[PDB]
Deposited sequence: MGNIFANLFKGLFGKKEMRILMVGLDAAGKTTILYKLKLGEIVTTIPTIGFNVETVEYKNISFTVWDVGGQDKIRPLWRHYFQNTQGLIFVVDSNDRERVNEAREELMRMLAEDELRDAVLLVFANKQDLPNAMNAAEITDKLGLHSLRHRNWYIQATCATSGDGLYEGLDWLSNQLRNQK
C-alpha cells in the first residue's frame, strides 16, 4: 500500500507536522512506529538517558520517547508545533495505568501541547487478561477532560489491528 502513508494526505504541504508519541516502557510505541512502515526509524540520544526515535514521510514527523521514569525524566522535554498527541497504554498492566495516568495528565497540562488532539492506543488487546477501552477510559479519566477532543482505539500493534481505525481519526481531526 501503504494504507497508512495514505491516510495522511491533504496534510501534505510545507509546514511541519508533528505527532508526539509517548507512553510508559513496554506500551508498544516502537512496534507501532515500525508497523507503520513510513520510513526508517532514526534513533537519537539528545541528552543522556532520553532516547528519542523518529520517522518522517514528507512533512509528517513522528517523534517518540518513553515517559515515567527511571530516576529523573526531564525538562529538555519542554514540543514545537506538535498537533497530535498519541499516548499508548499496555492494557495487561493494571498496576501501572495509574502512572500512565500521571503521565497523560502531566503532558496535557503543558502550555506547548495545548491544542493537541488526543489519540490513545489501548495496546495489548490480544492477551486473555485484557482491559477494554471503557476500563482504560475511566482508569485514565478521559471523560472529565473538559477541553480536548480525544479518542481511544483498542489495538494489537503486533498484528496492527486498530491502527488504521485510530489513525483515520487523528488524520481527520488535524485535517
Exercise for review: Identify which parts of the deposited sequence carry no C-alpha coordinates, going from the N-terminal end onward.
Suggested key: 1, 80 to 81, 179 to 181
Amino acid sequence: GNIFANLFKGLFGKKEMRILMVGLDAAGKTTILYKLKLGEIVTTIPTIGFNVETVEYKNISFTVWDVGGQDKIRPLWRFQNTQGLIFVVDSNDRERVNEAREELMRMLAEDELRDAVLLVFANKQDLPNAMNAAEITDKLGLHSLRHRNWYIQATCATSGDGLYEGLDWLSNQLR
From here on, numbers count along this sequence of modelled residues.
Revision key, fill the gap. Higher of the two mean Cα B-factors (161 to 169, 11 to 19; per PDB record) comes from 11 to 19
Review point. Which wins on mean Cα temperature factor, 23 to 31 or 39 to 47?
Key: 39 to 47
Study note, to complete from the structure: Among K58, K124, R106, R146, the highest C-alpha B-factor in the PDB entry belongs to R146
Practice item. Tell me which of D66, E53, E135, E112 tops the list for C-alpha B factor in the record. Key: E112
Revision key, fill the gap. Sorting the chain's modelled residues by C-alpha B-factor and splitting them into thirds places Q83 in the highest
Check your understanding: In terms of the CA temperature factor given in the entry, to which third of its chain does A116 belong: lowest, middle or highest?
Key -> lowest
